[PDB]
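Every number here is computed from the coordinates shown, using simple stated rules; none is lab data. Cβ coordinates were reconstructed from backbone atoms using ideal geometry, including for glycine residues, and neighbour counts include every protein chain displayed.
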Amino acid sequence: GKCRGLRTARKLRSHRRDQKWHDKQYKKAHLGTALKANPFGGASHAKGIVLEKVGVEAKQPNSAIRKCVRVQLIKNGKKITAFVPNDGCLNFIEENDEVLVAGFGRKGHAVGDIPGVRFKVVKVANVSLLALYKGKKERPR
Amino acid sequence: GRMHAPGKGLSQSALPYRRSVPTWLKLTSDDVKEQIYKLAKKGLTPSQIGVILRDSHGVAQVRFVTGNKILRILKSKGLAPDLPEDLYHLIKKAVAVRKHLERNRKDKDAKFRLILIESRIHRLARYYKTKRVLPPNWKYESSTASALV
Amino acid sequence: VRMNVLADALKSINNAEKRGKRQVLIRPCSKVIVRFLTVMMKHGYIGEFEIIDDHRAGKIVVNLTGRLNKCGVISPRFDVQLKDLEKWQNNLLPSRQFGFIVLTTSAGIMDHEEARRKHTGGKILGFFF
RNA sequence: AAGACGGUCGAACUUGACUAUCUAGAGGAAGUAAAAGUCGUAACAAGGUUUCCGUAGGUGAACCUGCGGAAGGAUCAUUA
RNA sequence: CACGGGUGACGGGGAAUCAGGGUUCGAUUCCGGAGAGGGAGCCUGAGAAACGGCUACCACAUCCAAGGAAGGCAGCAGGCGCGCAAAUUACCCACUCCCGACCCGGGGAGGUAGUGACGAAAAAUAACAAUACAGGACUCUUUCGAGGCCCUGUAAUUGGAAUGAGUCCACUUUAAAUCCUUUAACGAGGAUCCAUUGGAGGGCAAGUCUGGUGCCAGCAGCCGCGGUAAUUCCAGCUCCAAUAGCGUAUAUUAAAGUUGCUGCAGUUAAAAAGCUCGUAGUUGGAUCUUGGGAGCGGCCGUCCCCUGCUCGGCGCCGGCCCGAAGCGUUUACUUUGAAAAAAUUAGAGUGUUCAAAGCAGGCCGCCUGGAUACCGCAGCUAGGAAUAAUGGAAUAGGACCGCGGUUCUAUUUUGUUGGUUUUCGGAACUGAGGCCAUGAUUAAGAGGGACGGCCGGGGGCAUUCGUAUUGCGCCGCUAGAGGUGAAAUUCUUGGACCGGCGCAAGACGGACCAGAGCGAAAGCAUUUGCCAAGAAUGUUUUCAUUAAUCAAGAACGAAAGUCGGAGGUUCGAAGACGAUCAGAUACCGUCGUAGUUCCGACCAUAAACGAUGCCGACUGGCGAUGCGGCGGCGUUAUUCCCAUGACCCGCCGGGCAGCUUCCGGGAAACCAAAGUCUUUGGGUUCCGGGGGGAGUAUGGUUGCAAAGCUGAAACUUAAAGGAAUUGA
RNA sequence: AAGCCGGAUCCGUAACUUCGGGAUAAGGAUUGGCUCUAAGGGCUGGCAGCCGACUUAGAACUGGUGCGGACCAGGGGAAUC
Ligand SMILES: [Mg+2]
Ligand SMILES: [Mg+2]
Ligand SMILES: [Mg+2]
Ligand SMILES: [Mg+2]
Ligand SMILES: [Mg+2]
Ligand SMILES: [Mg+2]
Ligand SMILES: [Mg+2]
Ligand SMILES: [Mg+2]
Ligand SMILES: [Mg+2]
Ligand SMILES: [Mg+2]
Ligand SMILES: [Mg+2]
Ligand SMILES: [Mg+2]
Ligand SMILES: [Mg+2]
Ligand SMILES: [Mg+2]
Ligand SMILES: [Mg+2]
Ligand SMILES: [Mg+2]
Ligand SMILES: [Mg+2]
Ligand SMILES: [Mg+2]
Ligand SMILES: [Mg+2]
Ligand SMILES: [Mg+2]
Ligand SMILES: [Mg+2]
Ligand SMILES: [Mg+2]
Ligand SMILES: [Mg+2]
Ligand SMILES: [Mg+2]
Ligand SMILES: [Mg+2]
Ligand SMILES: [Mg+2]
Ligand SMILES: [Mg+2]
Ligand SMILES: [Mg+2]
Ligand SMILES: [Mg+2]
Ligand SMILES: [Mg+2]
Ligand SMILES: [Mg+2]
Ligand SMILES: [Mg+2]
Ligand SMILES: [Mg+2]
Ligand SMILES: [Mg+2]
Ligand SMILES: [Mg+2]
Ligand SMILES: [Mg+2]
Ligand SMILES: [Mg+2]
Ligand SMILES: [Mg+2]
Ligand SMILES: [Mg+2]
Ligand SMILES: [Mg+2]
Ligand SMILES: [Mg+2]
Ligand SMILES: [Mg+2]
Ligand SMILES: [Mg+2]
Ligand SMILES: [Mg+2]
Ligand SMILES: [Mg+2]
Ligand SMILES: [Mg+2]
Ligand SMILES: [Mg+2]
């Protein structure tokens, strides 16, 4: 610290209160402006209906067409772009069906070479997408 | 350092270790103080009463020849001033500077000084009021300060 | 200005000790500094010292040995119980074998070991090792 | 006993005001990111007019010019 | 830090993580509060503003013969809806308790079952031997090989022995049951009674194996992999990690000394207000009780002593010693004692088969346990008196000591009932006294002030001088002059430029002028006069803590700019023209408006820089410089010597700086401060938290305006940046 | 064109702005009669007596909710030129 007197407790504590707001991690946690902008509303997972299948080009040093999907969250109505994680899984996904969507690793931050997506599909039609990939289960018909 | 200046000076007086009256000084305590009274009757602050005593009469410090300081001698006799001499000279100086400002107003430097003399008065004024030598209602007014020099 | 006179004595001693000087001069003398310096003698960290006595706050000339590493003051003077005494010596002392905390109690200025034996805490002043 | 003058507590309704959150909007103007796009070359070397700060005016665009500053200068130095 | 606003806010005991500190959580079984769809009002009652009570309105909603009646699951189950997200419309009062008129009744309180990978403890998925094989220590053997006294592992080879998962007689448990425990009988060779989840470039333990694709598919938290020989994709094999578990998304804790009280940083990386003044806030110099005496042990360590004033007892001879009521600057601090619910945490005892647990159990009726520690802060109690505040006697309106009065006045006093007055005590005032050792710490290498001689491009007002520039008048001779890298626009026989003589105006104060001075910063340079101020030095003067830094607030603040007057020589934003050029709305040249100048008001911003807050202390040298003082051989001026000026040699105190250094620090450049820092704490103000978005939007406030101060978010991005090195 | 409002008292009052305004912004409540209560002063010799003159505020009662009862007596707001 700088002030060291035995009767400067109020000065030290009040200075700390002001200076915690310059911490980026603390500012977002203790202001709601970050949570309102969050599509999930603070939840870890969310369910939504599939509106379209969209492919996004990867960043410049890479060259690919990432398989994504446009969904509208049931609890909110907000549009998000979820990423179909594994290889060839996009064929299991058709239009206008219920999927379960979670985060994609970096807590609301873009991750990997994929430009501007935060989310990842984990379940479709109430069956896990990993079971579909391994052949353990089939789509519900 | 100085209260209202960037200088850091060291010039000051050094009292000798011995605090006894010298053997050559024959002026005694009882006949020291009536000389102080008559020099105060001429009209002289205690600062310059002691100045003209230790160069013309050999009395170095009246606190050693007499039992008390000069201002205590005067006030026990009733000749202490209405207000302390150090506060008096700040007020006399502020009057002189303030009078210079009404004659010429572009003197920005002279205006800046006026805060420094006035600030010293208020800092010194509240000290004497805690010591109960000035009344609690004593206030420095720039308009009426001229009358009391 | 000068707010603490013990902080100036310990710092002045440390500067002279760290450079290998034989004598150091503490400009203001107080009962606290004199009492702090005697605690520094019972354990052989300094030699004997003089108190030049003018009619003001006196001076002190200390005979320095090479036996001192760092003397330091703790400001402000916190109030420490005997339960908390163990923690303080765990932060500002090199090892459990040597080094002393000099703290003032109702029984006088004394080190932490001999304060623990008479079961009395107080306010910390400093340390040496 | 039903009932009535009055007093008190007072829900609810209508209107007005005030406040908080969200939301539409012709048009206008930014920011960011995709690009083998058009126009110049402003900054990096004395970057080819040294660079930069405050202010003011002007020009397709970078920018240019006036005044006073700084060296983060391309001089720690220039002689009776 | 009121008032207002927000709370993804019921409070607390507690929970998670943690060295020491802390951060986050606490709807949830205990205590307290509030509520029964939202409000409002009531009856009964000891107790209600009660809702498994009532009365209305509001929202919802049920039955109907259409007249009417009836409702309140945030009780147990169960249904819908909402969602990422949560169990049976089971059994019994057998236990713990509660209620009643009661030993006898009731209790969706509560208990027992069912669903249950929230999570916590224990623990299967093999053990052994023989054969071959491969090694090891043993011996012979230069080796091979040989013997196994001794091992060690491997092998869909062989061989028997031990069991639990499961089926199931029964007993035990229980209200009746189930489960656990017990025990008959079946129950294991590929013991198919067949263990998963993630990975194998690095961080990070483990294949440059093989096949497929070929910047596609895809992998990848990050750096990155993939374009026809992929250690990373899709697969087979092999290997690695934890193990009945493991991966993923999200909130949060440590890591984070990246929120720093312990314990960060601010020259160049992000950063110190342009500067000073200033009240709240923080912090505050020294100074008043020392020591002596007892005992033991070895000069030392431990223990003892250093305020008095109603009643009874070690009691003794009006007195003493002691005990008990109370009295006696106040705190802060520290030790002590009480009181502080359990549960939880720490912890004592105790073989639940061990453990998580529990409060039980042990011995041949008895012996027993069910402790203890912590529980901040605040409040209560008694010791200690260093440290830090605070008080006393200074117009004495002082402390003790007794004397003299006046007033009010308790009750012992007059044999037993009534009246006065004393003494007597208690309270108050007042007069004259005695006496104190009678009563004021020092005077800071803190500060304020006075004084003396100086000193300075410090400030204001007025005056005075200088050459130059431009313009004009006259005179002389002449055809070019200006500018450029080269030219041109430009002036020019109507005489330009050049030379002389004068006049007018407005700017500006060269050379002297320096790593020199002053000023808070901005800034400040001809002479002289006036006015006010100022540092430093000198001081045996004065007061005695009056101080340092400072939210809010206040004064000054270059240039540019804004508003009114005056003046406008030079230069010159805008503008016009001539060049240059691919273009040239520029650099270059000619002209030229606002401005630049003075006066009176605004504005408050600069690379306002030492890119470096202020106060105080300490830690190496050396030579100069400026101001003041002090001392000393000697030259020179006054002249007529003392004394003064100019030089020379030193010392002291502030000042702007310089050189050097293994003081020390730092990432280094470098810094005697940017040192005295993991050996971290002298005091205090401001301010930074990856790069952008952005000093932007919006709200507020100031301004005539331009603009100044305060100041986000969405979103985007693995870097941006500092110092130094080698190349180009 | 006619019509609505109109006085006074008590509340309440926006955008914008040249900070002067806007403003009677806009929008609400009251008003009769009767009987009382309190407050607001001069002269004479903190008290006593004697003189008074008009206003305000409050309260009870009361009428078929009627009361600036006739007369007098602003409709308002959002914008453009
Ligand atoms: Mg990359
Ligand atoms: Mg100050
Ligand atoms: Mg260029
Ligand atoms: Mg350039
Ligand atoms: Mg160029
Ligand atoms: Mg450059
Ligand atoms: Mg230009
Ligand atoms: Mg920079
Ligand atoms: Mg809540
Ligand atoms: Mg709770
Ligand atoms: Mg809740
Ligand atoms: Mg209730
Ligand atoms: Mg409900
Ligand atoms: Mg109720
Ligand atoms: Mg119910
Ligand atoms: Mg109930
Ligand atoms: Mg669940
Ligand atoms: Mg029962
Ligand atoms: Mg029963
Ligand atoms: Mg198995
Ligand atoms: Mg079983
Ligand atoms: Mg790895
Ligand atoms: Mg590895
Ligand atoms: Mg990997
Ligand atoms: Mg593989
Ligand atoms: Mg953390
Ligand atoms: Mg740590
Ligand atoms: Mg940091
Ligand atoms: Mg910087
Ligand atoms: Mg600065
Ligand atoms: Mg002190
Ligand atoms: Mg407890
Ligand atoms: Mg000159
Ligand atoms: Mg300020
Ligand atoms: Mg200016
Ligand atoms: Mg100007
Ligand atoms: Mg003008
Ligand atoms: Mg041109
Ligand atoms: Mg030009
Ligand atoms: Mg010109
Ligand atoms: Mg600035
Ligand atoms: Mg700076
Ligand atoms: Mg530190
Ligand atoms: Mg930042
Ligand atoms: Mg009309
Ligand atoms: Mg209007
Ligand atoms: Mg228009």
| message | Give the residue list of GluC sites (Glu not before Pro) in region A:34-141 that are DSSP loop and have at most 11 other beta-carbon atoms within 10 angstrom. | response | A:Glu95, A:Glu138
| field | Whole-Å semi-axes of the ellipsoid equivalent to region C:1-68 (Cα gyration tensor, √5λ, descending) | value | 19, 13, 11
| task | Could you please state, rounded to a whole Å, how far the C-alpha centre of region B:104-145 is from the C-alpha centre of region B:66-92? | result | 20
| message | Test of understanding: in a Gaussian network model of chain A with alpha carbons linked when under 10 Å, which of A:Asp113, A:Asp97, A:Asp87 would top the mean-square fluctuation ranking? | response | A:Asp87
| request: Pairs of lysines 8 or more apart, or on different chains, with alpha carbons under 26 Å: count those in region B:81-149, would you? | output: 18
| Cα centroid of region C:14-88 to Cα centroid of region A:98-132, whole Å | 68
| task | Work out, in µm²/s and without decimals, the Stokes-Einstein translational diffusion coefficient of region B:81-149 at 37 °C, 0.692 mPa s, Rh from Kirkwood over C-alpha pairs. | result | 257
| request: Mind listing the long-range amide H neighbours of A:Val124? Cut-off is under 5 Å, sequence gap 5 or more, other chains count too, H placed in the peptide plane at 1.01 Å from N. | output: A:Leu100, A:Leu129
| task | At a Cα cut-off below 22 Å, give the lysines reachable from B:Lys26, other chains included and same-chain residues fewer than 8 away excluded. | result | B:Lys38, B:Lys69
| query | Quick one: what Rg and Dmax do you get for the protein assembly as shown from the alpha carbons, in Å? | reply | 40.6, 129
| remark: Mean-square fluctuation maximum in Gaussian network of chain C, Cα pairs under 10 Å, restricted to C:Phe49, C:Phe78, C:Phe100, hits C:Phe78
| field | Built amide H within the under 5 Å cut-off of C:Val102, gap 5+ | value | C:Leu125, C:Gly126, C:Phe127, C:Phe128
| task | Starting from the Cα of A:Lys107, move 7 Å in the Cα-to-Cβ direction to define the label point; list residues of region A:10-46 whose amide nitrogen is under 15 Å from there. | result | A:23-31, A:34-35, A:42-44
| note | Once phi for every residue in region C:101-118 is put through the Karplus expression 6.51 cos²θ - 1.76 cosθ + 1.60 (θ = phi - 60°), the whole-Hz ³J(HN,Hα) values, with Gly and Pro written as x, are 9, 9, 10, 9, 10, 5, 8, x, 6, 6, 7, 6, 5, 7, 6, 5, 6, 9
| message | Explain nothing, just compute: Karplus ³J(HN,Hα) = 6.51 cos²θ - 1.76 cosθ + 1.60, θ = phi - 60°, for every residue of region A:133-141 in order, whole Hz, x for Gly and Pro. | response | 5, 8, x, 5, 9, 9, 5, x, 10
| note | Mean-square fluctuation maximum in Gaussian network of chain C, Cα pairs under 10 Å, restricted to C:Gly99, C:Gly72, C:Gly20, hits C:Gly20
| said: Considering only C-alpha atoms, what is the centroid distance from region B:1-55 to region A:46-81, in Å? | reply: 94
| said: Tell me which trypsin sites (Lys or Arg not before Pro) from region B:1-70 have a DSSP coil assignment and no more than 15 other beta carbons within 10 Å of their own. | reply: B:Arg2, B:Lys8, B:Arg18, B:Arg19, B:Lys26, B:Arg54, B:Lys69
| query | If you place +1 on the Cβ of every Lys and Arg, -1 on the Cβ of every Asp and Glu, and leave all else neutral, what size is the dipole of region C:20-129 about its Cα centre, to the nearest 20 Debye? | reply | 140
| field | J(HN,Hα) series, region B:28-35, from Karplus relation 6.51 cos²θ - 1.76 cosθ + 1.60, nearest Hz, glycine and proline x | value | 9, 4, 5, 8, 7, 6, 6, 5
| field | Farthest toward positive dipole pole in chain A [+1 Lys/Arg, -1 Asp/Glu at C-beta], among A:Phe119, A:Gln19, A:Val50 | value | A:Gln19
| task | Can you check what the net charge comes to around A:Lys75, using other residues whose Cβ is under 15 Å from the Cβ of A:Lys75 (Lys, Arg +1; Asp, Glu -1)? | result | +3
| note | Taking a straight Cα-to-Cα line shorter than 29 Å from A:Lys59, and setting aside same-chain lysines fewer than 8 residues away, one finds A:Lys24, A:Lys28, A:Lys36, A:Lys47, A:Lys67, A:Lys78, A:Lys79, A:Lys107, A:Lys120, A:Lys123
| query | For region C:91-129, which trypsin sites (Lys or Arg not before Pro) are both in a DSSP coil and crowded by at most 16 other Cβ atoms within 10 Å? | reply | C:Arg96, C:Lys118
| Surface/4 estimate of mean projected area, convex hull on alpha-carbon atoms of chain A, nm² | 12.7
| message | Quick check on region B:1-59: take the gyration tensor over C-alpha atoms, sort the square-rooted eigenvalues as a ≥ b ≥ c, and tell me if it's rounded (a/c under 1.5), prolate or oblate. | response | oblate
| query | Rounded if a/c is under 1.5, else prolate if a/b is larger than b/c, else oblate: which is region B:26-80, with a ≥ b ≥ c the root eigenvalues of its Cα gyration tensor? | reply | oblate
